[PDB]
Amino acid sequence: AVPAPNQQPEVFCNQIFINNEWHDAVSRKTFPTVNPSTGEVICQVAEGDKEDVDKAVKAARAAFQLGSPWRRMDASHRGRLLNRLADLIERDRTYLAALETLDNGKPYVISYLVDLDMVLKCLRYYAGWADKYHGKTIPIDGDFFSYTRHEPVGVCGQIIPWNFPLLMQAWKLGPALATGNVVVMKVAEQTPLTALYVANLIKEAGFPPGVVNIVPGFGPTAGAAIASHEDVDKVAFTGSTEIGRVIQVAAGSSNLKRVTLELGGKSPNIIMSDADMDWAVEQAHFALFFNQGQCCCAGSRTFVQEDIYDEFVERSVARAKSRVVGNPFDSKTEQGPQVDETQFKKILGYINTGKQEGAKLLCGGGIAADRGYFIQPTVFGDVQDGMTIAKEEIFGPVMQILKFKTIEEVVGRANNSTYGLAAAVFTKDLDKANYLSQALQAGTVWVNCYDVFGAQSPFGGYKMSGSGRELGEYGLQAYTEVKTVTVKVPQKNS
């Protein structure tokens, strides 16, 4: 039961957020944000750059000073604030979901039932961690009392992507705020709206000025300014592998700020011959096509055992052909447009590459509508490991199905990648499930399911899919600076 959306949500926030106030870019420049469903401009947004980031960092540093309201605040109260923010987001759930769809393109039903639900669960999960991430009292040698204080890392720069606007903001703000840090966030230029509105809710919830600062703008400008800043203590980035390298290089070239990266992937979804056919087919479809295929851990490499290959392919093709593409605001729409023209073109280019390299086009392969950035659900059969569409992150509704014979074979082929964000295994066998989940080199291995995220469970990549983990208890590690205090005592006893 999803509330009727407002297909034309009003925009109340489109500037730079510093000290709980709205500012125009120092340059006074603005950039347009487009609605992918029509190709039309929604509104202008302040174009933050280096000078704006500088104002944001100073505000955050000021809010982080010893003795400030944010630093003195009870840990439990930080939890109270996070829950309040969640309550406020829930109050405006219908509006935010609509605005999310307008600027991103994903179906409103999904924005409401999935994106916003996950945002609420993430913030509420971390609210609980606020006063529970204990330090330790250590039984060190000699006559000493030794313990550790889990302090905030400090001024945290957070650069996020456009595929899950609200959710990426939550995954970042949740752990940072729970541990008492201050934030300078750089939202994606393609989807700045929903994040900016949430800043209004952050102010309404009671967060002190400067605790959360959002600077909308481009990457090489605002993004690089944050990564290279001399007064930013830590940076958390989610995006392409290419930019992740630039982020880490910026960190090492500047003040050696701490770094955590959540990059792309080319996750393998392995279907064994003993899998439940109907379930595997539907899950494999979801694994790749979810969120217009714009998911970091998308099952972009569907390995299917030769005994069930033919049947699996027929069913997969049928499902892809029945996948409804249209206006995201229509409750019947399963797939909306791609985020922008750049992604639109990049995906079409990959489809063309797939055709040239010898992959078998089974369905789709072209534009789905003359207005917007809609692409037909595309499925390639008989894909070989050496093919481009088998090695590069397409980030669109383009499925690759590969055939394999043995379990040893598939392990080597699945792990033969520079990526290692996620992986999946579909089987009814206990030993095969354990054998594969142990052998697969990925941050997350789903068994008989896919895209199962939980605020409780860690998520991150192996190899070049990133470093560090987000969500769960692990998501607090990167936002904590450990201090050891060793005190001389008259006589130590157990």
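The numbering used is simple: start at 1 and walk along the sequence shown.
- Mean CA temperature factor is higher for 39-47 when stretches 39-47 and 425-433 are set side by side in the entry.
- Per-stretch averaging of Cα B factors for 293-301 and 239-247 places 239-247 on top.
- Based on the entry's C-alpha B-factors, the most elevated value among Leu85, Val212, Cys122, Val325 belongs to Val325.
- Reading the B-factor column for the CA atoms of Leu476, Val482, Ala25, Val485 in the entry, the top value corresponds to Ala25.
- For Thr33, the recorded CA B-factor ranks within the highest third of the chain. Only modelled residues enter the ranking.
- Among all modelled residues in its chain, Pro220 ranks in the highest third by Cα B-factor.
- In this PDB entry, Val11 carries a Cα temperature factor that places it within the highest third of its chain's modelled residues.
- For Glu282, the recorded CA temperature factor ranks within the middle third of the chain's modelled residues.
- Residue-level temperature factors show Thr137 in the lowest third of its chain, judged at the C-alpha atom.
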